[PDB]
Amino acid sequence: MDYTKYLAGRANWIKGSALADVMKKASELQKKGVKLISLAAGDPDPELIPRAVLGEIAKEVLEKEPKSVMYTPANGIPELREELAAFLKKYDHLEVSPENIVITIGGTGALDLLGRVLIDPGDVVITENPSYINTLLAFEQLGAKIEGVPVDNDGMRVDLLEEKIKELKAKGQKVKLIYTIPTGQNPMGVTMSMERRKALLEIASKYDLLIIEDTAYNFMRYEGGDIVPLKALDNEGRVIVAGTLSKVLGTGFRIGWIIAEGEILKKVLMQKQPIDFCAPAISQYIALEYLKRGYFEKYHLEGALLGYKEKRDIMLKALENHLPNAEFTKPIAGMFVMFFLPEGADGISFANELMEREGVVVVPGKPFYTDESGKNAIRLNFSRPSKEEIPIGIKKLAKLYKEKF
């Protein structure tokens, strides 16, 4: 039977993910024989995460708290919101009310809920170029048109942002939202400077726009001085945040959040129960305890954080020993490094050869771009690989490198 006839026309806005084509082409070789170390993942290190400790909490809460197995309010258990509030004020410089927090199915869920309430099909949403592949996909399947703005070692080029806004309006285009990942961007790995952050806020006010700040990697900072979220600088209330504990507490727990105000918060809350009903009860209680027991500092700060900072150094050391000639980013936050093949080279076919020949998995990155740029780009992860995997990983990458240029 042809089910294609029953699809909604908006289903044609839904398309495949390149980061999924290779993550499957590898899943085929990883189970059907071959052994491979990947630099393509986006997960945090499960070994750096206190699993046994989380198992203990999971075990206690399930037998201790009956609610751990039942529905939770649409915006999350009050205690998690009260704790997340204090947590943000403590470690991310955020003075936010618990009533303004909405616990979602991870940042992904937060970005989706927001798009549903803020996007009308055709609306143009401007983003960094490149940007997080999944947010672009999320927004386009909602009918949005994406317009990207170039980035550099200091993040989005705020000067190019204003020009894009003007070029768009000069065409009579309707623009409303700006989507940005200020700290440790996926996939570039760069972070917006404080100078560009204040300039961004000025531009949002100037053109009367709203900003959606993605803080997924705010707690993965290693070098930064005292860089604060745009939200902490938001005196006009033009920014909305989409956060997550996935890179901390674990990426499978599905715990994230939205910080918004006024009628936007209201509509977000209103539409939620019929969409996901509520964020997972165990996850919320596990997170509530993790925070209350002060395990953030005890395990993530003075623990997993250093573990990531290290893998970052070794991957860069490895790159700066074997590929000192090539161009790549120097992240002071996040969990990715964007490597660049010679200008012109194909990044998707090269990513294939690394598997088809050297047995190492890397993400093309090309699909992370909002236009024709980024062909020769390649994203590399260092948060999942072991200390040993990384050197061999990029060494094999360096093997095929000169083996072609």
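Position 1 is the first residue in the sequence shown; the rest follow in order.
*Asks:* Which wins on mean Cα temperature factor, 320-328 or 203-211?
*Replies:* Result: 320-328.
*Asks:* Compare the mean C-alpha B-factor of 14-22 with that of 378-386 as given in the PDB entry, and name the stretch with the higher value.
*Replies:* Taking the mean B-factor of the alpha carbons in each, 14-22 is higher.
*Asks:* Once the chain's modelled residues are ordered by C-alpha B factor and cut into thirds, is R157 in the lowest, middle or highest one?
*Replies:* It belongs to the middle third of the chain when residues are ordered by C-alpha B-factor.
*Asks:* Check where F336 lands among this chain's C-alpha B-factors and tell me if it's the lowest, middle or highest third.
*Replies:* CA B-factor rank for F336: middle third.
*Asks:* Lowest, middle or highest third: where is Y6 by Cα B-factor in its chain?
*Replies:* According to the entry, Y6 has a C-alpha B-factor in the chain's lowest third.
*Asks:* Can you tell me which third, lowest, middle or highest, the CA B-factor of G76 falls into for its chain?
*Replies:* CA B-factor rank for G76: middle third.
*Asks:* State the tercile, meaning the lowest, middle or highest third, of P98 with respect to the CA B-factors recorded for its chain.
*Replies:* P98: CA B-factor falls in the middle third of its chain.
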